[PDB]
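Coordinates in review
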Amino acid sequence: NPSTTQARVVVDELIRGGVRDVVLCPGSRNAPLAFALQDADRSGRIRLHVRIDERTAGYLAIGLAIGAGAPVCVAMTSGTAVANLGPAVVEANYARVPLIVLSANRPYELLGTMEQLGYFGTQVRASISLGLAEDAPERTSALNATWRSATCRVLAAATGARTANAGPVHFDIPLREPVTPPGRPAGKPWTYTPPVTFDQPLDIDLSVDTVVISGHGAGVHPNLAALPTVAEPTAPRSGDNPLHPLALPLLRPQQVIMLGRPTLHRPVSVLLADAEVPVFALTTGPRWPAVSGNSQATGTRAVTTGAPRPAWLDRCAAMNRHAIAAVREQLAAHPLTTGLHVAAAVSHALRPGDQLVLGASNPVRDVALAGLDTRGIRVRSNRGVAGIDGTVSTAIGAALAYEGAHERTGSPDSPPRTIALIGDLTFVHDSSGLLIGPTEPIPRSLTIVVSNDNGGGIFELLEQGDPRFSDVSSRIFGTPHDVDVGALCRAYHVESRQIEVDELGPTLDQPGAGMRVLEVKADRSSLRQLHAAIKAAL
Amino acid sequence: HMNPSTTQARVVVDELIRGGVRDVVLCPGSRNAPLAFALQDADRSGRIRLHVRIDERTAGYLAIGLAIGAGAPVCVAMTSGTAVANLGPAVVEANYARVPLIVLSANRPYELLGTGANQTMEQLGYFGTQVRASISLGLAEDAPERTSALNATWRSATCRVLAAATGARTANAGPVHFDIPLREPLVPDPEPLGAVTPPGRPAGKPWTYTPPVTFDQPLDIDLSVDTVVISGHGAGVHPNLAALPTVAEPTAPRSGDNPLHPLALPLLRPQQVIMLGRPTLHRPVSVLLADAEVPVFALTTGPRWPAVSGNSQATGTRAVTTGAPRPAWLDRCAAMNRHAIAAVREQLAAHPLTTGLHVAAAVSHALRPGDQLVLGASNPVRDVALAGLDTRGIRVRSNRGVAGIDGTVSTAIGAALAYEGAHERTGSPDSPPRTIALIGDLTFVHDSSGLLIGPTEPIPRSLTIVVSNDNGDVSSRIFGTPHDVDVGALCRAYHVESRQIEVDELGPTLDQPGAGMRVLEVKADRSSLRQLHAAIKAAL
Amino acid sequence: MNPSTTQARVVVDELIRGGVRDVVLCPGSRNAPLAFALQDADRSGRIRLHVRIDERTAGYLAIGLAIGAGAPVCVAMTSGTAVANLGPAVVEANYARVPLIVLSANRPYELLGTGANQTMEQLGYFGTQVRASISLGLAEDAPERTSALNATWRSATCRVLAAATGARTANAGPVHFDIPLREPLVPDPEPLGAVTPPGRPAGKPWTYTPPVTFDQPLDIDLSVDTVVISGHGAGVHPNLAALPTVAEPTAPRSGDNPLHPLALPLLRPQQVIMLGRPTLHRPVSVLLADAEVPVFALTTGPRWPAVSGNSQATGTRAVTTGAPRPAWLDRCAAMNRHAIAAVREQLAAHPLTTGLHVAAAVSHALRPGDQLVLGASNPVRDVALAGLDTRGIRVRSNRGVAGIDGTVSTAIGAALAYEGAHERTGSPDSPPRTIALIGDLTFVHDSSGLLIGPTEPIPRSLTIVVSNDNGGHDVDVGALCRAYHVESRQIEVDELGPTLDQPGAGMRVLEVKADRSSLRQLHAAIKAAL
Amino acid sequence: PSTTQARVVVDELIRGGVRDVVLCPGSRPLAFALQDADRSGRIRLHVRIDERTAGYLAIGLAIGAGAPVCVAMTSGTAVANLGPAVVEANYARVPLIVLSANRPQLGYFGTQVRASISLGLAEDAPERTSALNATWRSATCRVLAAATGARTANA
Ligand SMILES: Cc1ncc(C[n+]2csc(CCOP(=O)(O)OP(=O)(O)O)c2C)c(N)n1
Ligand SMILES: O=C(O)c1cc(O)c2ccccc2c1O
Ligand SMILES: O=C(O)c1cc(O)c2ccccc2c1O
Ligand SMILES: [Cl-]
Ligand SMILES: [Mg+2]
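Method of determination for the deposited model, per the PDB record: X-ray crystallography, at 2.30 Å resolution.

Next comes the structure, spelled out in structure tokens:
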């Protein structure tokens, strides 16, 4: 059929545009481009990943995109796919992840009597349809240009080539119920759009006592490298002057440089809201955040005058040392192993070149409390909406894409490690992400570390964790589950081991099966007291 | 003086209880703490039964089960962000099955939308046209002078949510998105500084009383014309059609005692069809409903009427019948029904290997009156209809809305909990009625996390899940090889009793008194299924 | 002071700090708090307020006020059909990238679904047509949170302005700013003045968004035989000024080598440089649909047009090498002379007066510094056919969707905003002229735009030339102008130039009878003469 | 092909009680069938230049005697111009059928209308012309039922 020629042209243009991975699920109707994707997979031009669970498939695609920075397609095949992909599409929108959602509508069928929800109108960068492929035998040159131009538009919108705001894209290729026209020479994309430079310099005086708060999506800024910096784990670091998050309330910054989108630490929110502290927002795309409407100016880079006062740098470094010491000393003086102990052990075990995947809740916070040095490390976390859903498949896709990048450099060395640190509720939410068929790509160096305190530890640290709610907070916030994690991994044929926090390090230096789950049992009944002891030791 | 979030949550929870809500599913979060606190106290005082789950998606199907088990509206309460998005699949199913599901989502204040605030998304309107209504409560204001007026607006909006979900005025029940923006303080103030919840109407009545509506649309039908009835999901009960030959899907309520096997329909020539509810299961029904020659009369309980037939001469709610079926027609239909039943019975016995059709037949023969049968929406529902189950006296549930694989375990669990709950309230000292679920291995593995019930949460008292495990176009490469998951290992991970048994023991094991919740795994073969179905067709 | 007044006054002050000089208001009870704060700023001279009855025509007035000088413009109306009436102007503002802020007053969202009067689903009505749908939080009685509410109110307003002006996206367009308002809606007694919570010092906006630059350079070899096609929204490119250029009347001209659109089908360029969004000429669309000629697309916003399928590359500027071959330049110049002569000679030979004659007369009478406003259908085409030289004059047309809606109000708004910027340079010269060319059908359809209350600002030098070919109704144009008390005259095409040379008598309508029965024969003579 | 689609739908609308149709001049077949039906006296056609006024004319034609009325959009400014009339018809429960034709937008349609039904492309194939007849008339009957509130009591 002429629609097969269409599918082969689109898959080819997608591959020319940098797509190396596509996720599919089996469905009622044939997947969009399902056979052209089958052809491309057997040739090794693209790599296919199949899953039954459409929600975990969406989050696998997110992992495959953030693992190495490439656009990733997901092929919708059912009337439950839109609903199940919603979570991943929302996360793609807010974390600016280039996610292409492929659909195949049927224009000859009656409508008003793909099960559509309301989020496509709000979450996607673009919604493009290809139009019905006809058998026009002479217009093949024109239809090739039309299909490839539309595919280049889909890729440009998903990667933010013109907007500098990557995100999810809905790509519809309509199908009527049932020799490839060539592309540009040298495998180039049909419509070349050079990745745009989006520039907006801001004047900032660094002699004013300044702290840098960098969050998810922050850029790298060499002219700010000397400033004291509270950097979230997923922020790429510019300098060598880290400021511990717990030291921040011991200081009085006179101005704040906010890089990207911060979401962690109530002390950071308090400082960003303080109407007496000017906040300069520096972002990489057009979006910029505002805490209590306190943002004074926006920009993409700083034009700096002056330099930080040496006494200011000394004050920040002193408060930083007190914070590091309090955390280390109170961890040692605490008998029960908690999630914070696990995060410190994981943090000490990382090596340059590693990839770190962090779940929401305490893990992404605990790693910052443990003072992880992220330089040389690639840190991922679904900070767009901070969901605890889909983190297992995100780590798997990230491990697969990160390994594929290393394999393509032809290095004879072993694939770099991907270490994931997630909580137990996070693991239970997306345990079905462990179900990978033998026919499907499986990571070769993925270790999932599950810090298991049989519930949600973070709620012990919030207002609902105050002792006056002790008789009611167990069911509705603690949420104990008593799941046998080792038996769960066994059911899915995944290597699993329960180890103690002191064994965690050594067990991680040892290579193992391509995919394994290390579970560390932790306590959350003493979490609130441990954090109070840290604050008192500051 | 209670803080505004606490006052609003307690009023809303109280009005939901007054509206018939007996069960609430809660998923943990911080932003929904006001709702969580108010719900925990209502559960402590016995006004509702709270079910806590970790995975919002399967929690939504738990709520569907809790609603179809006894017909009541059910709320599911979750925090802001992707937690709300995870309710999508259950919302879609609740829409098409007309299930009164209330998605009670906490939110950040709407003014934070667009600011980059953590865990904030376009929640209101997320579900689009799938919901019967998207209703937002206002952000609660600290205005003790306006407390009485705010009580009236909060309770009135809650009643509109309930009415829209139950179809109290539209006769078209379905899901409703109830979004509640909430700001700090989120936890109740110290009880020294305490106050009473702004009161509702006296005598536990709803703020706005909507008497359940009667929706009537009479239709004239002459039964002297050779007529077959095809009843699907949502079909009504029609005593004046009880004598007609009736092809009834397992979930359809039976109007009479004149069944007609689905395999018999293509071998007969009805001159007119009466279609009840939303029938989608059988292919010859779909083939015959596509026949432009046969006049089709559609009778629905609500204003939605199915589009399966293109020659629907008329659509109503009841039949005003004239005439009577010619006795030779009834004899021909009855004769062909017995012929179909015998062909299935013989070919099943003549088939050597145990198949899913054999497990479905064994479960059918083990059912007694008063049982609840929950069927996976894929093969189980078709196999039970092929094995000719008599559904009179048993309640049959199936997520026939979109017939997805998601949430079948949680639906079975929820249906069992609501079914047993209604039996308690009868005060009967009789033991809790049995719920039997029949699902395939791939469905069981997909929603195995639906088995996760926390140690403090309600567990069904008499639920048995029978898993027919047969270990099962480039997307279909995943089925060529077996998934290879151990059902027993999955049940141990979720601390669920499981046994691997054979089809001949299935009957007796099901007769054993209920050990709470258990999984009975019966191995089967799919390789020979194509030959078994071919043998049945040739025997007709 | 009631919170709905303090909220309205903070928003208006921040809008003013953000460059809003003109606001269009429609009467209603729900937008009363905005109306009072807007009348206050109009009294003190901070903005110029314009009141209209019809909200649809009010939207096109704000579009004219926006395109006349390039500033963001708000339109404030009441709840109900008023917002739905802004639909047509929001669609036009979207596709033409016009910074139009729709400031809608609404009953509290809690009243949605309760059967309240004049209450509808307003938030999200415009859907995908707006760059942002932002809502302010319902003003609460909390003086202890006044400073907090100030910051959030002024940050939201700055976010509204940035989205409308494309300050960080380079994609200007309409924004929905919905304000839920409850009673009391009028200002309480304000003896000895009330303190509005202040903005930043020195009139600076709350959040400072410095100028942004989107850069996407493309390598283009000018030695290849190149034609430039510039449409609506095109930027200015010095390094392309030597190339043959087919420029729509609204396109800013970068050079001095014009190529008539009629000459383009006489040429075979080897590559095309396309600027902005060209939609006007059929030979342009034919060339762009030729998948054998490579097209380079140079745009100012991230939106790049799709009229071409052989789009090789899209960017913002060209890095050029080489120079156009002299034989290519000579051939294009010769084809251009062919086209211009064919149009001029055949117009001079035609015995009747057609719309093409009216358009050519209006072109001849234009002087540098003039503003020309064109009805987006036939007038834009006829002026392009007549060969109008647009250098030194600012040409405006609702080229977004090219509807007949609101052309009169757009010309009125463009004239006012254009004259206002001429008063801003302190120059003692008389107000520069605004000449509008519209067809009779367009004029009757938007004749209600002529309704301007005695107190509202009236243009000082606006002349609307109506080309009346009785269809493009039997309505009397002069009778329409008398109902609205606007000066009108029926004149001949020979009298057009001299009558336009008279100093502007405020607002006047010049009606020129034209024939359309002989049009097809005039066009055939032009095509045959090429 | 598409011409036959237009005749069947027009005929079914008249069978459903539509006695008046408002259309506005524009580019966007169906106008031909309505023209045949007007020349034959089965339906009364009303033409207006202003699309907003056309919507309010149709509202009047519907509330004048209680019948369903159709309005035929034909341009890219039609959806926005019919907005005010559609909102009025929503809240006043007026049976207003809005006829469009896309080639295989604002957010108000998703909030204001009782239903949104697309007929589907007309495939040249007289082997199933009887089934295409039933599918078109069935969907047209669904549109009339949704507009008049025949099953919901909510015109
Ligand atoms: C999809 C989703 N549902 C609910 C939440 C609310 N939430 C935030 S943290 C948390 C607990 C997570 O527990 P766990 O993974 O065990 O981590 P811990 O904090 O105990 O280390 C929950 C439910 C969320 N972020 N995302
Ligand atoms: O900088 C980023 O990466 C970023 C990402 C986002 O999704 C935002 C959403 C709203 C507001 C600001 C945002 C932002 O600054
Ligand atoms: O009775 C009616 O005619 C009527 C009509 C409407 O459009 C309503 C809209 C919202 C709420 C109540 C409504 C109502 O009672
Ligand atoms: Cl040439
Ligand atoms: Mg935990």
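And the narrative resumes.
Now for the overall build of chain C. Each helix and strand in chain C was counted, giving 15 helices and 20 strands. Relative to a compact globule of 530 residues, whose C-alpha radius of gyration would be 24 Å, chain C shows 25 Å and is just as compact. Dimensions of chain C, computed from the C-alpha atoms along their principal axes, are close to 75 × 55 × 50 Å.

Let us look at the interface of chain C and chain B. With eight residues of chain C at the contact, the number on the chain B side is nine residues. Between chain C and chain B, a total of about 680 Å² is buried, with carbon and sulfur atoms accounting for 31% of that surface. One can count five residue pairs in polar contact joining chain C with chain B. In the side of chain C that touches chain B, the residues fall into no nonpolar, three polar and five charged.

In this section: the nonpolar core. Looking at soluble globular proteins, one finds that nonpolar side chains tend to be buried together. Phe-427 and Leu-434 of chain A together with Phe-444 and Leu-451 of chain B are the most contacted members of the largest nonpolar core, which has 116 residues in total. The biggest single contributor to this core is helix 4 (residues 81-95) of chain A, with ten residues. Leaving out residues up to four positions away in the same chain, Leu-434 of chain A has contacts with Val-392, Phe-427, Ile-448, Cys-489, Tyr-492, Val-494, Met-515 and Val-517 of chain A.

So, about the packing of helix 8 (residues 327-350) of chain B against helix 16 (residues 529-538) of chain B. Residue and element names in this part refer to chain B. One can describe the packing of helix 8 onto helix 16 by two numbers: an axis separation of 9 Å at closest approach and a directional angle of 140°. Overall, the two elements helix 8 and helix 16 adopt an arrangement that is oblique. In this structure, helix 8 meets helix 16 at a crossing whose hand is right-handed. Of the residues in helix 16, those touching helix 8 at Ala-343, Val-344, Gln-347 and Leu-348 are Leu-532, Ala-535 and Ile-536. Class assignment of the residues belonging to the contact of helix 8 with helix 16 gives a composition of six nonpolar, one polar and no charged.

This part covers the interface of chain B and chain A. Taken together, the contact between chain B and chain A spans 74 residues of the former and 72 residues of the latter. Of all the elements in the fold, those that place two or more residues in the side of chain B that touches chain A are helix 2 (33-44), strand 2 (49-52), helix 3 (56-68), helix 4 (82-85), helix 5 (88-97), helix 12 (441-446), helix 13 (477-480) and helix 14 (487-493) of chain B. For the side of chain B that touches chain A, a count of residues per class yields 36 nonpolar, 24 polar and 14 charged.

Residues and elements named next belong to chain A. Of the protein atoms, only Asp-424 (OD), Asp-453 (OD) and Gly-455 (O) coordinate the magnesium ion (ligand 5), at distances of 1.9 to 2.2 Å. Here the donor residues for the magnesium ion (ligand 5) map to a single chain with the spacing D-x28-D-x1-G. Of this pair, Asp-424 sits in helix 12 (residues 424-429) while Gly-455 sits in the loop between strand 18 (446-452) and helix 13 (473-478), placing them 31 residues apart in sequence. We classify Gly-455 as buried; its relative accessible area is 4%.

Along any regular strand the residues' side chains alternate between the sheet's two faces. All names here are of chain C. Extensive coverage of strand 13 (residues 311-315) is indicated by the burial of four of its five residues. Looking at chain direction, strand 12 (residues 295-298) and strand 13 are connected through four bridges and run parallel. Each bridged residue has a counterpart across the sheet, and for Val-295 the counterpart in strand 13 is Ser-311.

Attention shifts here to helix 6 (residues 129-148) of chain D. All names here are of chain D. Relative to the 28 Å expected for 20 residues at 1.5 Å per residue, helix 6 spans 28 Å between its end C-alpha atoms, a close match to the ideal helical length. For helix 6, the set of buried residues is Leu-132, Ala-134, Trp-136, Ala-139, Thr-140, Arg-142, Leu-144, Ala-145, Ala-146 and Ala-147. Taken from the residues just after helix 6, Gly-149 is the one with a positive phi, measuring 65°.

Attention now moves to the environment of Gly-69 of chain B. Residue and element names in this part refer to chain B. For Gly-69, the location among the structural elements is in the loop between helix 3 and strand 3 (74-78). Here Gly-69 falls in the buried class, since its relative accessible area comes to 4%. Residues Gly-69 and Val-396, 327 residues apart in the sequence, show an inter-C-alpha distance of 9.4 Å. Every residue in contact with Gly-69, bar those within four places of it in the chain, is listed here: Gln-372, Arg-397, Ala-415, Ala-418 and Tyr-419.

As a further point, take the packing of aromatic side chains. Two aromatic rings are characterised by how far apart their centres lie and by the angle between their planes. Throughout the structure, instances matching the rule amount to ten aromatic pairs over all chains. In this structure an aromatic cluster arises from ring pairing among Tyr-119 and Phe-120 of chain A together with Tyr-126 and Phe-127 of chain B. Residue placement shows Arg-200 of chain C over the ring face of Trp-206 of chain C; its charged tip is 3.6 Å from the ring centre. A cation over a ring is seen here: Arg-142 of chain D above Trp-305 of chain B, with NZ or CZ 3.7 Å from the ring centre.

Turning next to the site of ligand 3. The local shell around ligand 3 consists of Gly-113 and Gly-115 of chain C together with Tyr-91 and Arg-93 of chain D. More than a single chain frames ligand 3: its nearby residues are located in chains C and D. One nitrogen or oxygen atom from the main chain of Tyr-91 of chain D is found 2.5 Å from an oxygen atom belonging to ligand 3. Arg-93 of chain D places a polar side-chain atom, nitrogen or oxygen, 2.7 Å from an oxygen atom of ligand 3. Within the complex, 47% of the 350 Å² of free accessible area of ligand 3 lies under protein. Residue composition of the shell around ligand 3, by class: one nonpolar, two polar and one charged.

Rules behind the numbers
- Residues numbered from 1 in each chain as written, not as in the entry; some residues may be left out.
- Chains lettered and ligands numbered in written order.
- Part of a larger assembly, values for the part shown.
- Heavy atoms only, no water.
- Residues with missing side-chain atoms left out of burial classes, pairs and counts.
- Helix = DSSP H or I, 4+ residues; strand = E, 2+ residues; numbered from the N terminus.
- Rg over C-alpha atoms; globule rule 2.2 N^0.38 Å.
- Contact = heavy atoms within 4.5 Å.
- Buried area = accessible area lost by both parts, 1.4 Å probe.
- Polar contact = N/O pair within 3.5 Å; in protein donor to acceptor, adjacent residues only side chain to side chain.
- Nonpolar A, V, L, I, M, F, W, Y, C, P; charged D, E, K, R; others polar.
- Core = buried A, V, L, I, M, F, W, Y, C linked by side-chain atoms within 4.5 Å.
- Buried < 20%, exposed > 50% of the residue type's maximum accessible area, 1.4 Å probe, protein only.
- Axes fitted to C-alpha atoms, helices over the stretch in contact; angles between N-to-C directions.
- Parallel < 35°, antiparallel > 145°, perpendicular 65-115°, else oblique.
- Left-handed = near helix turned anticlockwise from the far one by under 90°.
- Donors = N, O, S within 2.8 Å, 3.2 Å for Na, K, Ca; no water.
- Pairing = 2+ DSSP bridges.
- Expected span 1.5 Å × (residues − 1).
- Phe/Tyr/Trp six-rings, centres within 6.5 Å; stacked < 30°, edge-to-face > 60°.
- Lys NZ or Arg CZ within 6 Å of the ring centre and 35° of its normal.
- Near = heavy atom within 4 Å.
- Areas by Shrake-Rupley, 256 points an atom, 1.4 Å probe, with all protein chains shown as cover.

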